[PDB]
Amino acid sequence: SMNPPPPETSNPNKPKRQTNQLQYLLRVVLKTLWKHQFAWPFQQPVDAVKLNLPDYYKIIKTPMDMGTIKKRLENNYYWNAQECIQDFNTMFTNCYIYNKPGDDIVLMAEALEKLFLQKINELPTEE
Ligand SMILES: COc1ccc(Br)cc1S(=O)(=O)Nc1cccc(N2CCCC2=O)c1
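- Method of determination, as given in the entry header: X-ray crystallography; reported resolution: 1.6500 Å.

- The name given to the protein chain in the PDB entry is Bromodomain-containing protein 4, with Homo sapiens as the source organism.
- The record lists the entry's title as "CRYSTAL STRUCTURE OF THE FIRST BROMODOMAIN OF HUMAN BRD4 IN COMPLEX WITH INHIBITOR 17528462".

What follows is the structure, encoded as structure tokens:
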């Protein structure tokens, strides 16, 4: 009960589109970060029970993780690339809010974010 319902990965009344940029976000950006040695804490919603983080969802009220983003991309949840990019940024931002600079989890987020930005820098112009 300490864990909230996970963020939705489908929403039938939400509008969505498929674009070459969203395809790139799944095939390149998500794939790259997913396979990284530092991906594992971010591959699923924070489990405040398993990880003994009872304060986590008192502090982080807009949770996000790459497991959710992966399913959202696979399920064509997004209207555009910016919506997806926002989810990645929410995930990083949450980490920096909850944890202390220089913590192991923050070092991992920072490495992933660096890679993220490198991949985003090559995002193709739309169509
Ligand atoms: C002592 O616990 C750890 C130490 C270092 C690492 Br790396 C991971 C863990 S953990 O995954 O067992 N627990 C843990 C603790 C604090 C923050 C986060 N997370 C996960 C993603 C977002 C976020 O804030 C998880």
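Don't stop here, the text continues.
### A short note on the site of the ligand
Right, so step 1: Close to the ligand lie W40, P41, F42, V46, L51, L53, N99, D104, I105 and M108.
Right, so step 2: Within the contact set of the ligand, an oxygen atom lies 3.0 Å away from a side-chain nitrogen or oxygen of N99.
Right, so step 3: Residue composition of the shell around the ligand, grouped by class: eight nonpolar, one polar and one charged.

### Quick notes on the packing of aromatic side chains
Right, so step 1: One pass over the full model with this rule turns up five aromatic pairs.
Right, so step 2: Seen from their ring centres, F92 and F116 are 5.8 Å apart, and the 55° between their planes marks the pair as tilted. Taken together, the residues span a long stretch of sequence, with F92 in helix α4 (residues 81–98) and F116 in helix α5 (residues 104–120) at a distance of 24 residues. An identical accessibility class is assigned to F92 and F116; each is buried.
Right, so step 3: Of the aromatic side chains, those joined through ring pairs into one cluster are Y56, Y57 and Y98.
Right, so step 4: Across from the ring centre of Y77, 4.8 Å away, lies the NZ or CZ of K14, which sits over that ring.
Right, so step 5: We note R17 situated over the ring of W79; from NZ or CZ to the ring centre the distance is 5.5 Å.

### Points about α4
Right, so step 1: The end-to-end C-alpha distance of α4, which contains 18 residues, comes to 26 Å, matching closely the 26 Å that a straight helix rising 1.5 Å per residue would cover.
Right, so step 2: Taken together, the buried positions of α4 are occupied by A81, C84, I85, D87, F88, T90, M91, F92, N94, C95 and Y98.
Right, so step 3: In the core, the buried residues of α4 are packed alongside α1 (20–35), α2 (56–59), α3 (66–74) and α5.
Right, so step 4: Two or three places before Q82, at the opening of α4, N80 has a side-chain oxygen 3.2 Å from that residue's backbone nitrogen.

### A closer look at the packing of α3 against α4
Axis angle and axis distance: for two packed helices, these are the angle between their axes and the distance between the axes, and together they describe the pair.
Right, so step 1: The geometry of α3 relative to α4 is characterised by a closest axis approach of 10 Å and an angle of 170° between their N-to-C directions. Our classification of the angle between α3 and α4 gives roughly antiparallel. Residue-level contacts link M66, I69, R72 and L73 of α3 to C84, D87, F88 and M91 of α4.
Right, so step 2: The residue makeup of the contact of α3 with α4, split by class, is six nonpolar, no polar and two charged.

What counts, and where the lines are drawn
Residues numbered from 1 in each chain as written, not as in the entry; some residues may be left out. Heavy atoms only, no water. Near = heavy atom within 4 Å. Polar contact = N/O pair within 3.5 Å; in protein donor to acceptor, adjacent residues only side chain to side chain. Nonpolar A, V, L, I, M, F, W, Y, C, P; charged D, E, K, R; others polar. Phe/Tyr/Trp six-rings, centres within 6.5 Å; stacked < 30°, edge-to-face > 60°. Helix = DSSP H or I, 4+ residues; strand = E, 2+ residues; numbered from the N terminus. Buried < 20%, exposed > 50% of the residue type's maximum accessible area, 1.4 Å probe, protein only. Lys NZ or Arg CZ within 6 Å of the ring centre and 35° of its normal. Expected span 1.5 Å × (residues − 1). Contact = heavy atoms within 4.5 Å. Axes fitted to C-alpha atoms, helices over the stretch in contact; angles between N-to-C directions. Parallel < 35°, antiparallel > 145°, perpendicular 65-115°, else oblique.

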